[PDB]
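In the authors' numbering, the protein residues as written are 514 to 797, 802 to 812.
C-beta atoms are modelled at their ideal positions from N, C-alpha and C, and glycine is treated no differently.
Everything below concerns the one structure shown next.
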Amino acid sequence: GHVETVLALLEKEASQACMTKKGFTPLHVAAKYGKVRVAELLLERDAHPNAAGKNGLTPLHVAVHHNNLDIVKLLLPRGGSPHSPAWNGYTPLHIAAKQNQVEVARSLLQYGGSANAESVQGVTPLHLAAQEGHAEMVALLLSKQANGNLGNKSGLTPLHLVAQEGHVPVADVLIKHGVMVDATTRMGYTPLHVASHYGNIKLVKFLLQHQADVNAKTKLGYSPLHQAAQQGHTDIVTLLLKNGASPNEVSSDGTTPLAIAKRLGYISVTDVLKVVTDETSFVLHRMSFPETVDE
């Protein structure tokens, strides 16, 4: 970060195509190390921000990983990359949400933002924002207009992920906005099913209030009970049963919530579930897990 040295290098016309084996650009180290006085020097030679290496990364993507936003706010008029994805198809929106800077939403709001762009998985920036579910996100995301609950390849809707992490705040914000409470996955799992597998009574109570069905069955017969029993989360199973969840529902494999609780040797659960459950629909080991976005 010696700026007058770079001024000396400028008259010698060093190329701005200086590319390493890792795919870095001269803009990337200025984005990382926060040595930024040379940025106006780099634009004296009319630098172009659109530059993607082997990993397809942009100055904004490297900038948001370690944010010195004063450069980015001025790069945006200097032909900034509005919807640039990474090699993973990742937009700056959801990675900025996961990094969760306080003004990065305002930084993109200076231009705008798209929180529905498809990744290589099919996940939207709205869904990855809801997965972290920060405090300012549920306020700011309102200004952006996007599908409130957006499925992925799995069919995972923001509500589903919120139930997975059991973030009550986000689950509230989302229900208030009018997202689908019982949104289903490609296999047929709802945010209740998923919360019951998680075993979070809070992430289940909230959903009960949201009116997600307590007997929502999967395409293979698994219900939020079967799931709480396989998980061994007696708390969630009791919360379901108390709220009317049926305990005598046979799945596509012939195992009820009791059958499962038993096979898994969970006794605390088996005591309530086995008695609440009626006699097993059939005389007799495939489990049931909700979908999740891949790495």
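Do we get a CB-CB distance below 8 Å when we pair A772 with the residues of chain C? Any reference to chain C falls outside this structure, which holds one protein chain only.
Given 7 Å as the limit, tell me if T790 has its C-beta closer than that to any heavy atom belonging to the ligand HEM. Looking at this structure, you won't find the ligand HEM or any other ligand, since it has none at all.
Straight-line gap, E616 to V633 (C-alpha atoms, nearest Å): 27 Å
Same chain, Cβ closer than 8 Å to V675, five either side skipped, listed in chain order: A643, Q644, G646, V683, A684, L687, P704 and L716
For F795, does the count of other Cβ atoms within 10 angstroms reach 16, so buried, or fall short, so exposed? exposed
Curious, which full-length alpha helix (DSSP H) runs of at least 4 residues does the segment 671 to 750 contain? 671 to 678, 681 to 690, 704 to 711, 714 to 723 and 737 to 744
Suppose the cutoff is 7 Å on Cβ atoms and the five residues either side in sequence are ignored; what does the same chain contact list for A774 look like? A742, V782, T783, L786 and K787
Only counting the same chain, and skipping five residues up and downstream in sequence, which positions put a Cβ closer than 7 Å to that of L523? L554, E557 and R558
When the distance is taken between beta carbons, is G745 closer than 8 Å to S764? no
Quick check: the Cα distance between residue 814 and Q614, rounded to an integer number of angstroms? Any question about residue 814 goes unanswered here, given that the chain covers just 514 to 812.
Through-space distance from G635 to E812, alpha-carbon basis: 12 Å
Under the rule that 16 or more other beta-carbon atoms within 10 Å means buried, what is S656, buried or exposed? exposed
One question on the structure: do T670 and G679 come within less than 8 Å of each other, judged by their Cβ atoms? no
Give me, in chain order, the residues of the same chain whose beta-carbon lies closer than 8 Å to that of residue 799; leave out the 5 immediate sequence neighbours on both sides. Coordinates for residue 799 are absent, as the chain skips straight from 797 to 802.
Is the beta carbon of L540 sitting closer than 8 Å to the one on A564? yes
8 Å contact criterion, which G536 and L570 should meet: CB distance rounded: 7 Å
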